[PDB]
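Peer 1: sequence? don't have it. structure:
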């Protein structure tokens, strides 16, 4: 095919132009983001029962939903939790590859069956089915500088005027709000109600009757009289708006003309619907607004548009109110893209530099400078065709892929240059000769490289998708480069490469002449060394065995991780007070934490956005979450001001706070990924022994795990049991007094708990109406006796006559896994112990527990259980395919063994480098290891192919091998030096994303150095041995 395009340069140019144009269009079209959708589709069903308990919520909502979530497709497992707050969450985790839209549609369809079975209050509150894969782009906090606007006012203004326009931006998918909008609040007073012989049910009925919209009908609705004049819509009373109107709601009118209004028995104010959240920004009350990206759009552009629109809205803000960004991802992703494109351009520049250093021809130097960009455009086109996008992973693969295309261009241009400068052939004739002698080698290289990179695509789970991104990117780049190498590059070498090789060589003096002399001397020394090692094989065979053993040792010593941690610009601090603690104490602890942040780590912090009333382990009054944002990477020191150093200091500082367990942590890149040491287990109760038996079994299992040295940091993710109040309503006594049990239950539910009675309109927006007791009358257990219920005769019966309260213990949050009462016991495998071994130890411990208690692994542990040693099988198949392709290429069964033995040569250097630098065996290291394997394999393939060709034509074995290794020295050195210097900025990058860049740079640098040093000697040795034996 190469000879076809050598005579037709215009055809190759046309194809290159088409590829470049398509690549440009793809670049303009494809999305850009930090990471793609890499997680099994998880769907969460959230139901809210105001004032409910954990037991009541589980009985009436959680179990009902679970029993109807049947018939779902690709459902890995079901996890549910019922919290004492009044929120029940059912999480349905589907298998990887399931369509998220289909999954959420199925979950919604199954929920519709059980909607009527839910309690009326739960239905009124609304049950929403949403994915859990939400990625928050920004967390904007609105704070009143003047102080005129209170927290409730700020939240209402945001929900009214800000949440609407921002949600209409193209890239916005969802906008979470951390504040509660204004809602009409009615605070009942038991003494007043008893004074007027009223009840909470009367108030609820009056509100529902006097605050409603009624559609009467039409004035001339068909059928009508013969000569009806007009047809007009008829309307009736409208929703009440002001709190004063609610105070005028007439409960009853006395026979004397006196009236009893709603304001007479209650206090009406416009407050928040949910008082649980106490969001605070930099010590001042504030409300948050989290915007989440819609799939398929640029997160950077979406964030920019959201900020621009909010700036537009900022012109109409009331005095005092200002919007502050407490969390941003635009800076990190912009820095990542800038670093990737900088590395690509610098790699191209270094390719130019090395090409002019070795070949010393300007046009020959241009030849690869124009061949790499067309391959890049082709790769971008393929990525757009496959539906991919510019991610961190895809960009890293593109950086890795730069080695292969550069290597192909280097080898072809160097071969044609050598033919021109030695045989004196015409540029066209030299190109034809080079293509004739290297044509099959390129196809074999393409096939073996594909076999190197393809198998990692078929791994399962989130790690499987992460590997698939790199695999597809690199394979597309390799195929495009091979196609370009056989089409475009020969045309360039035959067209724009001047025949004056002698003239080009003649005009050489200074550093170029000295470099040529040094290279000639080093090549002579290398050839002499190769001859020496060929004449003495046993020592170097022993050396190879020792290198293999050291490779095994270093692989065993390398810790394993999934993604490196980078200074993302912010970290998160969490606070959890002991159970049964009010939100005032949590606020005090949060104030202490933020004072610490603003005092000591002042030089690095920029803004801390706390949120009392929610956080890890479930929402509650004793749980708080804080988002701490740091300054730009340049401003803070890169030695003592790094995010890791800040959290290291904070954890030491936070561990001295006995009040609550406050722990600082850095957010993971992907929520799905977890630490390799850690594991998740769900100790279930199959026999239905009860909650108390389950808790006792959990305590025993935790004790056993703490005893075992193979398990470290084992704990439950749930909440420990807390005291609760049990009201005993004497049914017989209540009925003897004449009271109705339904009235008692309604009074308790709408007095102590809330009651979403109806809706009202405020400033053109509908807001909820809640009826509940005033704060001082729902605090102590003795506040129950303050209420009075009305019997049949109309008299008021005290609550103490038919009720008694006692203290008991109950779990604040009840959790279920796959429909069984379970507790999530999370632990971490001890260092030096296999994760599978830790899981087996935990399973044995669960066996030691009393019967009826099983175990089920979740998330990462379950994924590991499913994917059992798939990688060894996939790479064994890959090795077999490589062997078959090489045997076909070399027309022998023994020669391919020579190439396959060079794989350990390049991996030992990468292992040694990543071990010395202290890095770990992350996925980036895996990709770099595969790339260095591929490059070493390509070098060995070229060497053995040249040697085999010369031997077949007749050149002895020793002489042929020496000549082949002499010929291949220059291109191998050229490619190795170019790739090393291209990835050197990655290995020494300080700033955003330094983690993955350091990983890839160190791995590639070590691997390439080791390969280019060892292979150039060992490959001739292997070839000579196998050809001597002829097996």
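Peer 2: Received it, and whenever you're ready, just let me know what you need. Residues are numbered from 1 along each chain as shown.

Peer 1: the helix or strand residue 574 falls within packs against which elements?
Peer 2: Per DSSP states H and E: residue 574 is located in strand 570-576. On a contact count with 3 or more Cβ pairs under 8 Å, 6 or more residues apart in numbering; DSSP states H and E, strand 570-576 meets helix 583-599, strand 623-630, helix 643-654, strand 663-665. C-beta: built from backbone N, CA, C; applies to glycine.

Peer 1: angle of that strand against helix 583-599?
Peer 2: Interaxial angle, strand 570-576 versus helix 583-599 (axes from the mean of the first three to the mean of the last three Cα atoms, to 10 degrees): 150 degrees.

Peer 1: neighbouring strands for strand 570-576, and are they parallel or not?
Peer 2: strand 623-630 (antiparallel), strand 663-665 (antiparallel) (DSSP bridges).

Peer 1: out of the ones you listed, flag the one nearest residue 39.
Peer 2: Taking Cβ to Cβ, strand 663-665 is the member of these nearest to residue 39, at 19.3 Å.

Peer 1: list the helices and strands the very next helix or strand once past the closest one packs on?
Peer 2: Downstream of strand 663-665, the first helix or strand assigned by DSSP H and E is strand 678-684. Judged by 3+ Cβ pairs under 8 Å, 6+ apart, strand 678-684 is in contact with helix 691-707, strand 820-829, helix 835-848, strand 855-857, helix 860-866.

Peer 1: got the contact list for strand 678-684?
Peer 2: 79, 674, 694, 697-698, 701, 817-818, 820-829, 835, 838-839, 842, 846, 849, 853-862 (Cβ atoms under 8 Å, 6 or more residues apart in numbering).

Peer 1: try 7 Å
Peer 2: Residues from elsewhere that reach strand 678-684 (Cβ atoms under 7 Å, 6 or more residues apart in numbering): 697-698, 701, 817, 820-829, 835, 838-839, 842, 846, 853-861.

Peer 1: before we move on, the earlier item: hey, which of the helices and strands packed on strand 570-576 is tucked in deepest?
Peer 2: Each of these was assessed for mean neighbour count using mean count of other Cβ atoms under 10 Å. The highest is strand 623-630, with a mean of 23.

Peer 1: so how far is it from its chain's centroid?
Peer 2: Centre-to-centre, strand 623-630 and its host chain are 19 Å apart (Cα atoms, centre = their mean, to the nearest Å).

Peer 1: what's the angle from it to helix 643-654?
Peer 2: Using the same axes, to 10 degrees: strand 623-630 against helix 643-654 is 140 degrees.

Peer 1: just the buried subset of the contacts of strand 678-684, written out for ChimeraX, thanks.
Peer 2: Per 16 or more other Cβ atoms under 10 Å, the buried members of those correspond to this ChimeraX selection:
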select :697,698,701,817,820,821,822,823,824,825,826,827,828,829,835,838,839,842,846,853,854,855,856,857,858,859,860,861
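
Peer 1: returning to that earlier point: so which of the helices and strands packed on strand 678-684 gets nearest residue 479?
Peer 2: Of all those, helix 860-866 comes closest under Cβ to Cβ, at 30.6 Å.

Peer 1: helices or strands up against that closest one?
Peer 2: Counting contacts by 3 or more Cβ pairs under 7 Å, 6 or more residues apart in numbering; DSSP states H and E, helix 860-866 packs against strand 678-684.

Peer 1: how about a cut-off of 10 Å?
Peer 2: Contact partners of helix 860-866 among helices and strands, from 3 or more Cβ pairs under 10 Å, 6 or more residues apart in numbering; DSSP states H and E: strand 75-83, helix 461-495, strand 678-684, helix 835-848, strand 855-857.

Peer 1: what's the closest of these to residue 754?
Peer 2: Closest of the helices and strands packed on helix 860-866 to residue 754 is strand 75-83, at 15.7 Å (criterion: Cβ to Cβ).

Peer 1: turn the helices and strands packed on strand 570-576 into JSON lines, including distance to residue 138.
Peer 2: Shown next, in JSON lines, are the helices and strands packed on strand 570-576 (distance: least, Cβ to Cβ, whole Å):
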{"stretch": "helix 583-599", "distance to residue 138": "21"}
{"stretch": "strand 623-630", "distance to residue 138": "11"}
{"stretch": "helix 643-654", "distance to residue 138": "19"}
{"stretch": "strand 663-665", "distance to residue 138": "21"}
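
Peer 1: select, out of those, the one closest to residue 768.
Peer 2: Across the helices and strands packed on strand 570-576, closest to residue 768 is helix 583-599 (Cβ to Cβ), at 21.0 Å.

Peer 1: how far does the closest one sit from the chain's center?
Peer 2: 29 Å.

Peer 1: quick one on the thing from earlier: nearest to residue 891, out of the helices and strands packed on strand 570-576?
Peer 2: Proximity to residue 891 (Cβ to Cβ) singles out helix 643-654 among those, at 55.5 Å.

Peer 1: counting contacts, what elements does the closest one pack onto?
Peer 2: strand 570-576, helix 583-599, strand 623-630, strand 663-665.

Peer 1: dump the ones you listed into TSV; add distance to residue 556 as well.
Peer 2: Formatted as TSV, the helices and strands packed on helix 643-654 follow (distance: least, Cβ to Cβ, whole Å):
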stretch	distance to residue 556
strand 570-576	33
helix 583-599	41
strand 623-630	37
strand 663-665	29
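
Peer 1: nearest to residue 118 among those would be which one?
Peer 2: strand 623-630 (26.0 Å).

Peer 1: ok, the spatially closest residue to residue 743 that is not a sequence neighbour to residue 51 distance?
Peer 2: Leaving out its chain neighbours, the residue that sits closest to residue 743 by Cβ to Cβ, 6 or more residues apart in numbering is residue 789, at 5.4 Å. Remark: distance between residue 789 and residue 51 (Cβ to Cβ, to the nearest Å) = 18 Å.

Peer 1: many thanks, we can stop here.
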